[PDB]
Each structure stands twice: as structure tokens, then as C-alpha cells.
Amino acid sequence: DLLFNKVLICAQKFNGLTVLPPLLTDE
Amino acid sequence: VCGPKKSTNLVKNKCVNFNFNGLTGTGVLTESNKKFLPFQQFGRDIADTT
Amino acid sequence: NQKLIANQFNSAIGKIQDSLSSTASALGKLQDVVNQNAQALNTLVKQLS
Ligand SMILES: *[C@@H]1O[C@H](CO)[C@@H](O[C@@H]2O[C@H](CO)[C@@H](O)[C@H](O)[C@H]2NC(C)=O)[C@H](O)[C@H]1NC(C)=O
């Protein structure tokens, strides 16, 4: 949890810039 | 100074082709919660796009 | 020395917990990857202007 807590998208996406989810989720 | 174009009714919450006083594009028009100052005519995103 | 070793280990783990809670820069190696990619996309998007 400490590691995860320590370490715009619309504006980018709207130009044909999508982000694909990882196959393996954090869980 | 604008040409002799007829205006249409404003349509919200639908995908439309729009032309606002010469500004053109395709998108969905929704009511905004942005506080435009009295002199501001349009806004831009982080990407500096309308 | 089993009791000492277990104590030294448990203490060392506690130190990691505190070091991570305190020092923001500890994960700079992962944050740097995130930052490089964020810059690459922002640069790409700004080129449209
Ligand atoms: C080896 O070093 C450890 C510390 O790393 C010694 O354990 C400490 O002993 C002092 C007394 O001098 C205690 O006040 C500390 O609380 C102890 N620390 C731990 C983690 O137990 C250990 O006694 C040393 N062993 C030898 C043979 O010198």
C-alpha cells in the first residue's frame, strides 16, 4: 500500500490516444 | 462580420456537427460549469484545443 | 542466535516501512518511467497545435 500510494487523460484521449488496461490487474 | 447564415436551434446532449460563430467541429454539447470571464468567448484544454 | 536474528529481521522490516512512509523519492525509478511516458504523450499532443 505504501508503494502504491506513492506512485489530463481526457485532453490526450480526445486526439485518438487511448490507453489499454494491463491484462493482469493490480489485484 | 458574418455571412448570411441561418441559425438553428441549439441541441444539447447529442452528437452534432456544430458551427459557433465560425468555430467548427463535431462533438457533444453540454451545459458547462466553467466560470468564463465576461470577455472570454471560448475555452481551451491542457492540450490547447477548444 | 535465533531470537536475535528474528529481532534484527523484524526491526529491519520496520525500518523499510518507515523509510517508505517518509521518503517520497524512494520510488524515483518507477516514477521516472511514468514521467517519461507522460512527457512523450504531452509532446505528441502539443504538436497538433
Ligand atoms: C550483536 O549485536 C547485537 C545488536 O545488533 C546485540 O544486541 C543488542 O544488545 C544490547 C546490549 O548491549 C541491547 O541493549 C540491544 O537491545 C540488543 N539489540 C538487539 C536487536 O537485540 C548483541 O548482544 C551482540 N552480540 C554479541 C555476542 O556481541
# chains A, B, ... in the order shown; residues from 1 in each chain; ligands from 1
>>> residues_near_ligand(ligand="ligand 1", cutoff="8 Å", atoms="only C-alpha atoms and all ligand atoms", output="list in words")
residues 4, 5, 7, 8 and 11 of chain C
>>> write_last_selection(atoms="N, CA, C and O atoms", output="PDB file, in the first residue's frame")
ATOM      1  N   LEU C   4      17.788 -13.295  18.450  1.00  0.00           N
ATOM      2  CA  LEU C   4      18.416 -12.071  17.956  1.00  0.00           C
ATOM      3  C   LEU C   4      18.169 -11.854  16.479  1.00  0.00           C
ATOM      4  O   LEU C   4      17.881 -10.747  16.053  1.00  0.00           O
ATOM      5  N   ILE C   5      18.306 -12.919  15.706  1.00  0.00           N
ATOM      6  CA  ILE C   5      18.153 -12.838  14.268  1.00  0.00           C
ATOM      7  C   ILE C   5      16.734 -12.453  13.918  1.00  0.00           C
ATOM      8  O   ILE C   5      16.517 -11.609  13.052  1.00  0.00           O
ATOM      9  N   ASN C   7      14.758 -10.743  15.788  1.00  0.00           N
ATOM     10  CA  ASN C   7      14.584  -9.348  16.178  1.00  0.00           C
ATOM     11  C   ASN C   7      15.235  -8.393  15.198  1.00  0.00           C
ATOM     12  O   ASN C   7      14.663  -7.352  14.876  1.00  0.00           O
ATOM     13  N   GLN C   8      16.423  -8.739  14.706  1.00  0.00           N
ATOM     14  CA  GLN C   8      17.107  -7.884  13.750  1.00  0.00           C
ATOM     15  C   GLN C   8      16.323  -7.828  12.460  1.00  0.00           C
ATOM     16  O   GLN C   8      16.214  -6.775  11.835  1.00  0.00           O
ATOM     17  N   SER C  11      13.092  -5.766  12.999  1.00  0.00           N
ATOM     18  CA  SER C  11      13.453  -4.367  13.095  1.00  0.00           C
ATOM     19  C   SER C  11      13.747  -3.801  11.717  1.00  0.00           C
ATOM     20  O   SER C  11      13.266  -2.723  11.369  1.00  0.00           O
TER      21      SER C  11
END
>>> select_by_dssp(residues="chain C", states="alpha helix (DSSP H)", output="short mmCIF file (atom, residue, chain, number, x, y, z; two decimals) with N, CA, C and O atoms, in the first residue's frame")
data_model
loop_
_atom_site.label_atom_id
_atom_site.label_comp_id
_atom_site.auth_asym_id
_atom_site.auth_seq_id
_atom_site.Cartn_x
_atom_site.Cartn_y
_atom_site.Cartn_z
N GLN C 2 18.88 -17.47 17.33
CA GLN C 2 17.59 -17.36 16.64
C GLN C 2 16.74 -16.21 17.11
O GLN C 2 16.04 -15.59 16.31
N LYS C 3 16.79 -15.88 18.40
CA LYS C 3 15.93 -14.81 18.88
C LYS C 3 16.47 -13.46 18.39
O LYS C 3 15.70 -12.62 17.93
N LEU C 4 17.79 -13.29 18.45
CA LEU C 4 18.42 -12.07 17.96
C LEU C 4 18.17 -11.85 16.48
O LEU C 4 17.88 -10.75 16.05
N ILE C 5 18.31 -12.92 15.71
CA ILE C 5 18.15 -12.84 14.27
C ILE C 5 16.73 -12.45 13.92
O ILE C 5 16.52 -11.61 13.05
N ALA C 6 15.76 -13.06 14.59
CA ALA C 6 14.38 -12.70 14.36
C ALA C 6 14.13 -11.24 14.72
O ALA C 6 13.41 -10.54 14.00
N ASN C 7 14.76 -10.74 15.79
CA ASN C 7 14.58 -9.35 16.18
C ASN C 7 15.23 -8.39 15.20
O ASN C 7 14.66 -7.35 14.88
N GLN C 8 16.42 -8.74 14.71
CA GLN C 8 17.11 -7.88 13.75
C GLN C 8 16.32 -7.83 12.46
O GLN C 8 16.21 -6.78 11.84
N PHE C 9 15.76 -8.96 12.06
CA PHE C 9 14.95 -9.01 10.87
C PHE C 9 13.71 -8.17 11.01
O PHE C 9 13.38 -7.38 10.13
N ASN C 10 12.99 -8.35 12.12
CA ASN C 10 11.74 -7.65 12.33
C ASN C 10 11.98 -6.16 12.40
O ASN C 10 11.18 -5.37 11.89
N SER C 11 13.09 -5.77 13.00
CA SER C 11 13.45 -4.37 13.09
C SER C 11 13.75 -3.80 11.72
O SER C 11 13.27 -2.72 11.37
N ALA C 12 14.52 -4.54 10.91
CA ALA C 12 14.85 -4.10 9.57
C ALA C 12 13.60 -3.91 8.72
O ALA C 12 13.52 -2.97 7.94
N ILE C 13 12.62 -4.79 8.88
CA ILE C 13 11.39 -4.62 8.13
C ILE C 13 10.69 -3.34 8.55
O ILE C 13 10.21 -2.58 7.70
N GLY C 14 10.65 -3.07 9.85
CA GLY C 14 10.05 -1.84 10.34
C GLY C 14 10.75 -0.61 9.76
O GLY C 14 10.10 0.39 9.46
N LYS C 15 12.06 -0.69 9.58
CA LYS C 15 12.81 0.41 9.00
C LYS C 15 12.37 0.67 7.57
O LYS C 15 12.33 1.83 7.14
N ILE C 16 12.06 -0.39 6.83
CA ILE C 16 11.62 -0.24 5.45
C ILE C 16 10.28 0.46 5.43
O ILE C 16 10.06 1.37 4.64
N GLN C 17 9.40 0.05 6.33
CA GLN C 17 8.09 0.64 6.44
C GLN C 17 8.18 2.14 6.67
O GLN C 17 7.48 2.91 6.01
N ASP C 18 9.05 2.55 7.58
CA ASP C 18 9.21 3.97 7.89
C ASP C 18 9.91 4.73 6.78
O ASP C 18 9.55 5.86 6.48
N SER C 19 10.91 4.11 6.16
CA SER C 19 11.65 4.75 5.08
C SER C 19 10.72 5.04 3.92
O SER C 19 10.79 6.12 3.32
N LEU C 20 9.86 4.08 3.59
CA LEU C 20 8.92 4.29 2.50
C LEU C 20 7.86 5.31 2.87
O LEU C 20 7.47 6.12 2.03
N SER C 21 7.40 5.31 4.11
CA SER C 21 6.39 6.27 4.52
C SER C 21 6.93 7.70 4.47
O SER C 21 6.21 8.64 4.11
N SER C 22 8.21 7.86 4.82
CA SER C 22 8.88 9.15 4.87
C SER C 22 9.44 9.70 3.55
O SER C 22 9.18 10.86 3.21
N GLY C 28 11.74 6.72 -7.10
CA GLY C 28 12.06 7.52 -8.27
C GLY C 28 12.25 6.69 -9.54
O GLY C 28 11.92 7.16 -10.62
N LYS C 29 12.75 5.47 -9.43
CA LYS C 29 12.91 4.65 -10.63
C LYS C 29 11.60 4.34 -11.33
O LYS C 29 11.57 4.19 -12.55
N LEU C 30 10.50 4.22 -10.58
CA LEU C 30 9.23 3.91 -11.21
C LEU C 30 8.56 5.18 -11.65
O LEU C 30 7.89 5.22 -12.69
N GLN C 31 8.73 6.23 -10.86
CA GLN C 31 8.11 7.50 -11.17
C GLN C 31 8.71 8.09 -12.43
O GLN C 31 8.02 8.73 -13.21
N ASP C 32 10.00 7.86 -12.63
CA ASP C 32 10.69 8.36 -13.80
C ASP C 32 10.14 7.74 -15.07
O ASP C 32 10.05 8.40 -16.10
N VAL C 33 9.74 6.48 -15.01
CA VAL C 33 9.18 5.82 -16.18
C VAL C 33 7.85 6.46 -16.51
O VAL C 33 7.56 6.75 -17.67
N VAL C 34 7.06 6.70 -15.48
CA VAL C 34 5.77 7.34 -15.65
C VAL C 34 5.94 8.74 -16.22
O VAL C 34 5.17 9.15 -17.09
N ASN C 35 6.92 9.47 -15.71
CA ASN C 35 7.15 10.83 -16.17
C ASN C 35 7.62 10.87 -17.61
O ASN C 35 7.18 11.74 -18.37
N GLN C 36 8.48 9.94 -18.01
CA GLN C 36 8.96 9.95 -19.38
C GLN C 36 7.85 9.69 -20.37
O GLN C 36 7.81 10.29 -21.44
N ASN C 37 6.93 8.80 -20.02
CA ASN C 37 5.85 8.50 -20.92
C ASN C 37 4.83 9.62 -20.94
O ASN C 37 4.26 9.92 -21.99
N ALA C 38 4.61 10.26 -19.80
CA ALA C 38 3.69 11.37 -19.76
C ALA C 38 4.20 12.52 -20.61
O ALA C 38 3.43 13.16 -21.32
N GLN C 39 5.51 12.76 -20.57
CA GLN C 39 6.08 13.81 -21.38
C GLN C 39 5.98 13.48 -22.84
O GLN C 39 5.68 14.35 -23.66
N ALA C 40 6.20 12.22 -23.19
CA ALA C 40 6.12 11.81 -24.58
C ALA C 40 4.73 12.06 -25.15
O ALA C 40 4.60 12.53 -26.28
N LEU C 41 3.69 11.76 -24.37
CA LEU C 41 2.34 12.00 -24.84
C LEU C 41 1.99 13.46 -24.88
O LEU C 41 1.31 13.90 -25.80
N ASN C 42 2.45 14.23 -23.91
CA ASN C 42 2.13 15.64 -23.91
C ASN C 42 2.80 16.31 -25.08
O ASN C 42 2.24 17.22 -25.68
N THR C 43 4.00 15.86 -25.42
CA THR C 43 4.72 16.42 -26.54
C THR C 43 3.97 16.09 -27.82
O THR C 43 3.77 16.96 -28.66
N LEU C 44 3.52 14.85 -27.95
CA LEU C 44 2.80 14.41 -29.13
C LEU C 44 1.53 15.21 -29.32
O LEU C 44 1.22 15.66 -30.42
N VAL C 45 0.78 15.41 -28.25
CA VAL C 45 -0.47 16.14 -28.33
C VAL C 45 -0.25 17.62 -28.66
O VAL C 45 -0.98 18.19 -29.47
N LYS C 46 0.74 18.24 -28.04
CA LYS C 46 1.03 19.64 -28.31
C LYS C 46 1.46 19.89 -29.75
O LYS C 46 1.24 20.98 -30.27
#
>>> closest_atom_pairs(of="chain A", to="chain B", cutoff="9 Å", atoms="only C-alpha atoms", output="Markdown table")
| residue | atom | partner | partner_atom | distance |
| --- | --- | --- | --- | --- |
| A:8 | CA | B:46 | CA | 6.8 |
| A:11 | CA | B:47 | CA | 5.8 |
| A:12 | CA | B:47 | CA | 6.9 |
>>> write_last_selection(atoms="N, CA and C atoms", output="PDB file, in the first residue's frame")
ATOM      1  N   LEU A   8      -6.085  15.374 -17.368  1.00  0.00           N
ATOM      2  CA  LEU A   8      -5.057  15.285 -18.402  1.00  0.00           C
ATOM      3  C   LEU A   8      -5.378  14.207 -19.445  1.00  0.00           C
ATOM      4  N   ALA A  11      -7.900  15.137 -22.170  1.00  0.00           N
ATOM      5  CA  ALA A  11      -7.326  16.057 -23.143  1.00  0.00           C
ATOM      6  C   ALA A  11      -6.479  15.298 -24.153  1.00  0.00           C
ATOM      7  N   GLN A  12      -5.776  14.276 -23.669  1.00  0.00           N
ATOM      8  CA  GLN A  12      -4.951  13.453 -24.530  1.00  0.00           C
ATOM      9  C   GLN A  12      -5.811  12.510 -25.369  1.00  0.00           C
TER      10      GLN A  12
END
>>> interface_residues(of="chain A", to="chain C", cutoff="8 Å", atoms="only C-alpha atoms", output="PyMOL selection string")
chain A and resi 2-3+6-7+12+15
>>> residues_around(residues="residue 26 in chain B", least_positions_apart="3", cutoff="9 Å", atoms="only C-alpha atoms", output="short mmCIF file (atom, residue, chain, number, x, y, z; two decimals) with C-alpha atoms, in the first residue's frame")
data_model
loop_
_atom_site.label_atom_id
_atom_site.label_comp_id
_atom_site.auth_asym_id
_atom_site.auth_seq_id
_atom_site.Cartn_x
_atom_site.Cartn_y
_atom_site.Cartn_z
CA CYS B 15 -23.55 14.14 -31.13
CA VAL B 16 -23.73 17.04 -33.57
CA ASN B 17 -21.82 18.91 -36.23
CA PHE B 18 -21.53 22.40 -34.85
CA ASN B 19 -20.65 25.89 -36.06
#
>>> atom_distance(atom1="CA of residue 26 in chain A", atom2="CA of residue 13 in chain A")
22.7 Å
>>> atom_distance(atom1="CA of residue 29 in chain B", atom2="CA of residue 14 in chain B")
6.8 Å
>>> closest_residue(among="B:43, B:35, B:50, B:25", to="chain C", atoms="only C-alpha atoms")
B:50
>>> atom_distance(atom1="CA of residue 7 in chain B", atom2="CA of residue 40 in chain B")
21.6 Å
>>> select_by_dssp(residues="chain B", states="strand (DSSP E)", output="list in words")
residues 15, 16, 17, 18, 19, 20, 23, 24, 25, 26, 27 and 28 of chain B
>>> write_last_selection(atoms="C-alpha atoms", output="short mmCIF file (atom, residue, chain, number, x, y, z; two decimals), in the first residue's frame")
data_model
loop_
_atom_site.label_atom_id
_atom_site.label_comp_id
_atom_site.auth_asym_id
_atom_site.auth_seq_id
_atom_site.Cartn_x
_atom_site.Cartn_y
_atom_site.Cartn_z
CA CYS B 15 -23.55 14.14 -31.13
CA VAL B 16 -23.73 17.04 -33.57
CA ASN B 17 -21.82 18.91 -36.23
CA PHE B 18 -21.53 22.40 -34.85
CA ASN B 19 -20.65 25.89 -36.06
CA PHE B 20 -20.39 28.59 -33.39
CA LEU B 23 -15.90 27.70 -34.82
CA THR B 24 -16.48 24.28 -36.31
CA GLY B 25 -16.18 20.68 -35.21
CA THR B 26 -18.01 17.52 -34.19
CA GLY B 27 -18.94 16.71 -30.63
CA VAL B 28 -21.42 16.66 -27.80
#
